[PDB]
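As a starting point, one isolated chain is supplied in structure tokens, in the form deposited without the DNA.
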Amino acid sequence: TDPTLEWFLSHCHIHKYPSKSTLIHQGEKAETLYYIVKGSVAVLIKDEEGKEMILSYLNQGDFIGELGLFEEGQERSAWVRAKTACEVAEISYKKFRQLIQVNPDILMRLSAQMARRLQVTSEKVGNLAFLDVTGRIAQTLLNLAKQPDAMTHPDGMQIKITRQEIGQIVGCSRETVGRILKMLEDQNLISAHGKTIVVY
């Protein structure tokens, strides 16, 4: 076990969220912090007309809703949706702050995650500003081929994801994804036989 994590979790109250549930609504009052004990979620934002973009995938071990923690009166900056059934620990910002004074390590862990997320979203700004849709898709296929849920393949790496998701990640239609995925197969960069894609 991890003494610090277990120490922290003992000050939290756990709850469950079924797949497709919305844990955090954008615009909502930020006053609580979350910690994914089990499961995975998606962090989403939207344009004026319902188009959704996935900012990130968070998983077991990741903190959520930390952005309103250092300043009161702030609202949630995005929507968080359960991809799979989730077990989440929740604690008020007030209590977490008291825990910080007790052992700063817990904030160091939270901050490390914030730093990673900043690095990743910054690279996201890069892809959106410098690459055409073909480049973003190809870059996203390579990215996923490194994540944990990524498997090993005799011809490379295998991943499980739908065209809709790819679209929400790179900012394009599922049909555009479908067409681009095929063109990348003709370029012998990947192999698409189902929602499973083999990347070389």
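Each residue number is its position in the shown sequence, starting from 1. Whichever C-alpha set is largest while still superposing within 1.5 Å between the two forms counts as the rigid core.
What follows is about the form solved in complex with the DNA, which we do not show.
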Give a yes/no on whether residue 60 approaches the DNA to within 4.5 Å in the bound PDB entry, heavy atoms considered. no
The DNA contact at residue 37 in the bound PDB entry, heavy atom, 4.5 Å: no
4.5 Å heavy atom contact, residue 147 and the DNA in the bound PDB entry: no
Even though the DNA is not shown here, does residue 172 get within 4.5 Å of it in the bound PDB entry, heavy atoms only? yes
Given the stretches 62-70, 138-146, 158-166, 23-31, which is the single one in contact with the DNA in the bound PDB entry, using a heavy atom cutoff of 4.5 Å? 158-166
Just give me the residues of 119-153, first to last, that have a heavy atom within 4.5 Å of the DNA in the bound PDB entry. 132, 133, 134
Candidates 67, 44, 157, 172 - which moves between the shown form and the other one, C-alpha at least 2 Å, core fixed: 157
